[PDB]
Amino acid sequence: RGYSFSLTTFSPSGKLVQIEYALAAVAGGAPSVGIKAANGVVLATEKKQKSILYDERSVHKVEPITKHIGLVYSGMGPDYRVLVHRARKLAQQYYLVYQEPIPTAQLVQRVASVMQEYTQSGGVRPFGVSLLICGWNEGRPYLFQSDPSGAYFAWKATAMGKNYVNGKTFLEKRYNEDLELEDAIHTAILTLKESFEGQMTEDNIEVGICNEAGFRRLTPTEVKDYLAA
Amino acid sequence: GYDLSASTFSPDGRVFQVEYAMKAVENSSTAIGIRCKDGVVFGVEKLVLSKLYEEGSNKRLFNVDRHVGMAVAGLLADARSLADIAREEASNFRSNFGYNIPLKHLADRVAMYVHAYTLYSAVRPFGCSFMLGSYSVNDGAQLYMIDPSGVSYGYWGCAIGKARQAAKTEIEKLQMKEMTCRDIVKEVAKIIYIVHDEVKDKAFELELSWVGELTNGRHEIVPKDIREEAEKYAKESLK
Amino acid sequence: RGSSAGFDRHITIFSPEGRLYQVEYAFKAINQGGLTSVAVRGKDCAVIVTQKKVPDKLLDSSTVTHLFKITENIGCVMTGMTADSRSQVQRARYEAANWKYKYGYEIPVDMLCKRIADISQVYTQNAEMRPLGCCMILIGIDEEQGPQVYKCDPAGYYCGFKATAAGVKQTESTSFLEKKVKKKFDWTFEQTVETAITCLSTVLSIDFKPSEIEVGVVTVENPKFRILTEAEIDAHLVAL
Amino acid sequence: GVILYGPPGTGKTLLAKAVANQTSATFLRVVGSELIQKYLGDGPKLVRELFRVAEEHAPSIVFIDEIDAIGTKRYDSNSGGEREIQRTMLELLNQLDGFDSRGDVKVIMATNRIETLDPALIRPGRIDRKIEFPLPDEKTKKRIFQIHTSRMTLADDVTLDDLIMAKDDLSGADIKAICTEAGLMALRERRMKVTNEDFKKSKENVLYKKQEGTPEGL
Amino acid sequence: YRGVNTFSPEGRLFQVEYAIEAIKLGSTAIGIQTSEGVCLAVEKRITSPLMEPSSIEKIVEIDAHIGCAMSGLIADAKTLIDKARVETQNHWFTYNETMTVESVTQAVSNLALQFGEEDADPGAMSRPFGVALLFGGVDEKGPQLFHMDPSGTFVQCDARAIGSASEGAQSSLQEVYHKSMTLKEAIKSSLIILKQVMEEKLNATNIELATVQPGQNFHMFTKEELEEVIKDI
Amino acid sequence: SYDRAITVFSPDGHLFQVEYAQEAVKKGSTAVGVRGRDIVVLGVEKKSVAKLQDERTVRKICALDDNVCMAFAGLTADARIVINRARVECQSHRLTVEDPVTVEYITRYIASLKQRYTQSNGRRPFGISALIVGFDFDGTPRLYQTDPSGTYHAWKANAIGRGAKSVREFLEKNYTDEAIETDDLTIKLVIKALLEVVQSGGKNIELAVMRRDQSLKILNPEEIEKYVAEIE
Amino acid sequence: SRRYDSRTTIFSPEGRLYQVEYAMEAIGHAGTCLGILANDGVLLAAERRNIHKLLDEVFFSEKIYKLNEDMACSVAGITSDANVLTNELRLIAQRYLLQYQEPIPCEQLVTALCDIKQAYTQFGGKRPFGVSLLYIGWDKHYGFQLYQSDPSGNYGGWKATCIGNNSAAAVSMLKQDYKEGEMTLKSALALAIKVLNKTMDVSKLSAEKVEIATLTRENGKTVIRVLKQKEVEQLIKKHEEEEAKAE
Amino acid sequence: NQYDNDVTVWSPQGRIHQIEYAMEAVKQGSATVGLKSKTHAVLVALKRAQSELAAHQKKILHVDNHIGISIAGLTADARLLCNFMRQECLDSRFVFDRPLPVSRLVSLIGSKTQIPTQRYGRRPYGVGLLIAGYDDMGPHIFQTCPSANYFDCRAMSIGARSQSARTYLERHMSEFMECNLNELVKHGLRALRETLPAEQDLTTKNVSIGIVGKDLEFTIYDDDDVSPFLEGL
Ligand SMILES: Nc1ncnc2c1ncn2[C@@H]1O[C@H](COP(=O)(O)OP(=O)(O)OP(=O)(O)O)[C@@H](O)[C@H]1O
Ligand SMILES: [Mg+2]
């Protein structure tokens, strides 16, 4: 029928170890980056396949949610698909009621509530995935992060995955308030380049942007384009 | 403690609960079934645990449908439950589609029902193996076997129980692909007597059933006269 | 590295390092059957080839098969636990039929793999049931994308492919195919069958005869999924 | 034998030491944590030898302080060093009462937690007397305060009655800590005499070590 | 670990065995059946003098012709008694008759042991009832005395003792009881045994006595009647 | 729906979950109640004012109805739940029976609720004991006590909570018709009993008084101090 | 299955709810939240635990949530669990308004939420909400109010209290320097700054790690404000001067 | 010691210990015998009393006009099974206006008793049955086990010390078919006597008989009604 008891329980010192381990899985995941420029947002990730056989274009990591929201992850791929489907479902439910695209903050809150439910519900484990959500509402860019625990934060720039400590230290030194989306994209690619262990190609990374026009995943032509500089 | 539920894999990727269920099936008396050109024939080595039991008690051959037979081995209680499930599947098929269920389809449905009991800790695997046989003019003779894990295959001659290996060796010499049910019945009786161990078990009663052209496609118990002839032939063969 | 805390090794809950040991064991169970399969995508065709072991003459070889027809234009090959694979095949057939009934057109191969992957992902998150220890490979012809090959595993990973293996010798087959794929095209003709049979024959060192492998193909000219007969398989074997 | 049980800080070890110094028999003291050896069989060997050199020394008193470490409910379903601790406990049981006569040796045991001990370990024939040590109530508190402040110059404003009047479950160890800390802080301030405010602040600091949750359990 | 519906190696349910063990903690209760009627006696076992003995109700009336004596976890018996009263009134409403003692005991016993953990009910009982009941009454068959245990087993008994002193109370009942005994003799014998087993001195305030007779309904002795009987006893 | 058997029997016939619930009642603050000739008094010891807490929201004495009130000792949150269930039942009894509830009836209701939680599936026993006092329509004063086990009794005078054994011992020796002769004398008996355990006195005890016709009344700090002064 | 069940709603041998005890120990580490009740208002002061050069400023606050036109709250513990409870608080308050067409009194709102928490600790087999809350509000029954709640479902009204990190020192100071019945919103703000200054041993008040919200009644309508950077810095500077002048 | 705590847990030997323990419960029960002839099916049971003043527990129950059972094991489970059988017999008469064949009734029991032996949190029925009935196919004697298995017998005995009884039934099995009703019952009583522990004899207080025949609805003989049968043994 299904276990009705929570598998996540407080430890003697007051920590939720299962949430702690879900973050460890996220930490060991693939690096990800998100930078909020002055007139847009950019999300990037490493997509290093195991061998030449895998189809790079088969499955995407930077998946849109609406015409103005897109998100990327660092962690388990299967769990990301579940949250992407729920995120799209929630966005449409909001639109049906209010006849307006769901604001980025609202979508993050609803997605976070879904992940929180899996830390308290019965017979489930936490989503071992961290999400980065970008949006453009009311003439302003937004960048959010949502962790396994269900807590979400608003970032100007951040990174996740392996060596995210060095990734954030890197971003702090290089960040600037008045950056431009082009400079933001260039910095995002370099941030990934910090710990990549190989030659970066248009097939070995994925990028998406969001601006007044709307969120859209950059084509491999453009990704190679930016890489050249 | 990796073998206490069917919802946990062992470190090497094995469901020990399913494996133990098969082990229970391996303690029963052997039961064999041979497919031939005309039809199918079933045979079972029914041990007489006590002389106080009536002949035909705890029959291990069932008619799941008017054209489908069923032989079982292992825990009898589980076998009867599966026979009821098979009857339900056969009856539901006729009501919905309007014709006799093909044996292959019936085996698939029952196998999936069995397989559903090796995925959760809320239930346990059926500790029994059984074989389905039928004959239709359009589809011909067909014989299937299903194990606790839920795996179903077609067979030309199958064995299940204690002396599975010895029975399989005997079945290998029959050349059943070009024989009739009348001749196969005698062969089925002969094999059971050979594999049986008189030293270990006290006594047994031979149960026989068949389905084929001679029966017009309806599974039924072999007539008493034919069974008597087969038993005499098997006993005479055991010189 | 391999630290344990509680029941992480008994149910699908995170290990201290952030691992799902039960999922890993499901992968280890795929190799219990002892079989290997290979799927290769051609310029205008897709082919799947798998072993076929009949332990004795008593078995009816006709029923022993690992190739299944999900729909008219989609076929699959399964590896691992026998019972688990059949159950997943039934679900795929139901999902494909439901898609056709609801949306009015045949289900794309990628979407079918995605649906099966989502179903599997639920098993690794909920602790009531274990993950199916089997792997599926799907082949079909897309209307505007040519041949497609997809594979989904117990965890729920479902990446597409150009060449793929699954089973005991997945590693050796993957290397062999990668070398071939690197050279020119990993075959670009309907004799892509030869590449697959050679790949399987090379890793296992078998030198197959006609009654030891089964082949299923889909071509742009004839998108319907077909299982090659033992005669046709022999013709390919002699040619190579 | 005798077993001294009571909440932590009531005077079990104090009474044991007092009888040790006032008696004329070889007094031996062992803390249960010293019987948890790291090598197989050494705990049993240590208890065997401890009782071996107790008959060699005429009348003797063997005081096994903090028995709770070695003695426990003895749940069979346990793994690790629990089995070795159980074997040590069994050897101690046999020494206390077994096939052989014990000669002239007397056993004292102290345990903050007696409810978790083994009924076989504290059965009548093993330990006859069981003494309860309660927390000081109203006047024992005054007595300990006087005893611990005897060798300490005090200013003529000390309201020891005000100190003790509170029903704060105060223990004798707590009183000793209060006195020592008051003296220490007087020394820190350079004064020549301890003051009532010094005692009050020391008592507040000592009672600051309570912890736990307020609403929980009440 | 060790689910409620578990069988011991000897085939004895663990929970039922423990529930039966819980009965020995209750106060002694005695019931004697005679051709003239049935009498029930129970030790109240006052804990402290400040407690009001009138509030300890270890003998209750199911109907005008049925009385029950309880021993064990008295709080558990409340639901069993409520079921018995409801069943008795339902039977009168439907059949316009009075349920027999055996039928009332049977209905209550069926309620007992209907405990489970998985696939039972939203709030089904998780454990067996830790109470042993003595049902006394007069039916078409005359006076009837029935004993029901936590295991759901009930049986008619001429004289039965339950509680902490059941062993020894039953021994005395064996020597004294006989078929031709009158109701007065039964009450005297029950009090004599109760005084013997009870740790406290027997008086009119620390015991409860009730009787059911073919003519009169269920009757609980008042203090004046209790003082009269104990004086002779 | 979580449906595990939290409360089950154990060897020797014990309900450890009930016994643990009792040791949870014992950790709570002391509470005293005495039944007078024409008055019922409830007292309770305050662990600490803290000089910052708002005393209005920490009352351990609550009114279930106009003629019934109770004081508890145990888990505060559990008591609030039980108190609310009693309050709705009291109104429900008024609606159907068209008469005010009796102290015995509401005590029986609360006790049955507690017993049900000890035998239900997927539930924890209530960790509180309650002292229920009031006046029946006939005018007779009543005082009842309920335990987590689900048992209840009628008491001339009883105490629950921490150090209840000593207070009960003091009450047993000091309870007599003379002591409860007058309403003021009855109040002093409760205060003296509480002073047996609590240290400060006056500033560390809360008192509630219920008379025949008058509703529940909480003695002011000035009144409590005056009674304490008269006691000494 | 019995084997894997954690038994999160049972009693310990000494009659203790371990899961509730652990949850309270979890709140003991979260950011410090402070509440002071004055004669003409209430205030909440919270340690803004998150501090990073890259975090953006969104919403009107990070830990102070508005529940009604005349109520607000702060949280300390699991942030995700707090979001669940804050949403429930908003629903409860609006349901009361729908039923009675009058704003919910503050005490009733706290009780309704604490009832939800108590249920989690009694039945269900789930882990309790590891969150403790402080509420401030005004109503026609008792005017300005300040309440606190714990994971156990227990609550109480306070004139000034703290929960979170270094709560013991914070309450010890508040107890000493709180003038009951004679505190204005301005002395209350100054007291909050002094308490926060010592409680946060790490560094000093930078006007960026502190969020302060005040509740007052103006022209018959409740006003909830979050103090801006300029005024928070001004308060800190005044506190620095007074501390200097004392020495 | 970890494979004998649940009914959904197989052991390494392919055995379910929980089912084995349930089979061990019926062994602790009291003895009972059942045999058949060409015309009649007979049940004889040995009742035992907990105390000398307690009535002997009943062992033979009615199910329908042509079916009866003898129980050995947990009585509460016996009543649950007996209630199920009565409802099944009633439903057949209501729907088909025809007695339910004995074999079909037994098959229903096996199906019902099998379900608990395969689900988590459930337990086997701790009771064995000896079903005696008469249908269009003649007299029937069946045996049921806590494991959901049943056997069509010609003479069977279950309960404590029942192997001595089974030894007698096998020795004289050849005579049951052609004996009269009086002779058949005496055969059942003689077997039960063998089970008895030496210094003890069959008595009207501890022997109960159940008979069903071609023109004889199921009847139960107890107390003095058993004297005619005992006279002669
Ligand atoms: N009644 C007392 N009179 C004098 N000193 C006392 C008294 N009670 C405790 N103490 C002080 O307590 C200090 C702690 O040692 P003590 O012997 O009292 O501990 P204990 O009761 O054995 O404690 P534990 O159970 O932790 O071993 C002793 O140094 C002694 O000074
Ligand atoms: Mg010591």
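Chain identifiers are assigned alphabetically (A, B, ...) following the order of the sequence lines, protein sequences preceding nucleic acid strands; residue numbering begins at 1 within each chain.
For the salt bridge (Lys or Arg N to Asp or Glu O under 4.0 Å) test, no residue two or more places apart in sequence or in another chain qualifies with D:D157. Remark: D:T159 pairs with D:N196 by the side-chain hydrogen bond (donor to acceptor under 3.5 Å, both in side chains) rule, at least two apart or across chains. Remark: D:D174 pairs with D:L170, D:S171, D:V206, D:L207 by the side chain to side chain contact (heavy atoms under 4.5 Å, CB included) rule, at least two apart or across chains. Not counting sequence neighbours, the partners of D:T195 by the side-chain hydrogen bond (donor to acceptor under 3.5 Å, both in side chains) test are D:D198. Residues forming a side chain to side chain contact (heavy atoms under 4.5 Å, CB included) with D:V194 (at least two apart in sequence, or on another chain): D:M152, D:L154, D:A186, D:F199. Every residue two or more places apart in sequence or in another chain that forms a side chain to side chain contact (heavy atoms under 4.5 Å, CB included) with D:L184 is listed here: D:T180, D:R188.
In this structure, G:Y96 and G:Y100 have tilted ring planes: the angle between them lies in the 30° to 60° band. Ring-plane geometry between A:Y152 and A:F144 is classed as tilted, the angle between the planes lying from 30 to 60 degrees on a 0 to 90 degree scale. Ring planes of G:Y155 and G:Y147: tilted class, angle from 30 to 60°.
The CD atom of G:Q148 lies 13.0 Å from the CG atom of F:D54; values are rounded to the nearest 0.5 Å. Rounded to the nearest 0.5 Å, atoms CD (A:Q109) and CG (G:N83) are 7.0 Å apart. Here the CD-CH2 distance, from G:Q145 to G:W138, works out to 10.0 Å after rounding to the nearest 0.5 Å.
The heavy-atom pair separating G:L54 from A:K168 by the smallest distance is CD1-O, 4.1 Å. The minimum heavy-atom distance between G:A76 and G:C33, with the atom names listed, is CB-SG, 4.3 Å.
Checking G:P105, G:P103, G:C106 one by one against G:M71, the side-chain contact (heavy atoms from CB on, under 4.5 Å) holds for a single residue, G:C106.
Between the side chain of G:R48 and the backbone N or O of G:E208 there is at least one donor-acceptor pair closer than 3.5 Å. At least one donor-acceptor pair under 3.5 Å links the side chain of G:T86 to the backbone N or O of G:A82. Between the side chain of A:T158 and the backbone N or O of A:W155 there is no donor-acceptor pair closer than 3.5 Å.
Side-chain atoms of F:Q53 and G:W158 include no donor-acceptor pair closer than 3.5 Å.
F:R80 forms no cation-pi arrangement with F:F72, by the criterion of a distance under 6.0 Å to the ring centre and an angle within 45° of the ring axis.
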